[PDB]
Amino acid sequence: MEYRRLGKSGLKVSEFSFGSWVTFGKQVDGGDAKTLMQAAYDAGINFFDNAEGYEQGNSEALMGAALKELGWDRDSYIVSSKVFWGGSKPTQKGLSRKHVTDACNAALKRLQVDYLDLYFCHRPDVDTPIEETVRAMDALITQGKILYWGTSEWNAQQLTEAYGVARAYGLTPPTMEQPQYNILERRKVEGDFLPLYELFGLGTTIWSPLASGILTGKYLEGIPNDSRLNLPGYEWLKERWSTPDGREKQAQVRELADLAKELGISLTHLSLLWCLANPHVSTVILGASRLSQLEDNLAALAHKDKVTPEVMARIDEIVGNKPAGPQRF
């Protein structure tokens, strides 16, 4: 395992991290959470991602119980929560000072920690001034309840606004953003966010590096019975991939699988290493519903030399989705 700075910050994250979306509290019960988390930790993963919205708090409860039982040195790992979806009522969601503060205190108790290393705004809230959210985060910094704060799937206008508010009012700037990023989804990391890396030093913990599992190639011939897209409650996700746009992407996945075979690598490994080939990626957050998948994904790290500039160019040619850079006149 190698480690990268989270943007310009001094926090060093393992290049692969481990998250809990979908799996914790359903596919992954309390005992399996402990097993997966210890396996990740023994492999050198030092960042574990969660959110208040994940199974309505139960993912964080399970992760906190695992953390307590496993007894890791607190200085040896990084844990997050993310605030946005904390219930159905108007004060239980969004990024108001009230819900940012309530959700932080609630996450501390669920995760059974005294502080969060990382605390993300899970989505942007167009109904709360970004200034208010930044002020709420700054109070949590000064109280010692969080160390770094950031955002997820914000746009570059919103992020630039947050940095400007922090500077104007003497508040703590954000550190980091958590965007989806994979061969099939590149718009924010390689497009919208491009100027923010040099301007602000924005770090990235990227989400869904296998496109919910599409980039394993496991769906090329149909839908496995034991697969995310077949889970009850995720019919919306099966639907998105059944659209014509989702079907064209799946046809490109077949070409990517042929490229991987040509290289002597699984498509899973190619897709994870592709993310790491971007120097603006601080960490790739892995997802796994079972130990064998975590082990498989960790094995990708042995094949870095197979992912060359020539391979990156061929992937660009297959998918055709490399975002345009800054425009000149």
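Numbers for residues come from their place in the sequence shown, where the first is 1.
Remark: stretch with higher mean C-alpha B factor among 70-78 and 228-236 is 228-236. In this entry, the higher average B-factor at the C-alpha atoms falls on 177-185, of the pair 177-185 and 128-136. Residues shown: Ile223, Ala166, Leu215, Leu108. Highest C-alpha temperature factor in the entry: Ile223. Of the candidates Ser96, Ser242, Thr151, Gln158, the one whose C-alpha carries the top B factor in the deposited record is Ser242. The deposited CA B-factor of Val28 belongs to the highest third of values across its chain. Split the chain's modelled residues into thirds by C-alpha temperature factor. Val307 is in the highest one. For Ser59, the recorded CA temperature factor ranks within the middle third of the chain's modelled residues. When the CA B factors of the chain's modelled residues are split into thirds, the value for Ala257 lands in the highest one.
Among the modelled residues of its chain, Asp49 has a C-alpha B-factor that falls in the lowest third, as given in the PDB entry.
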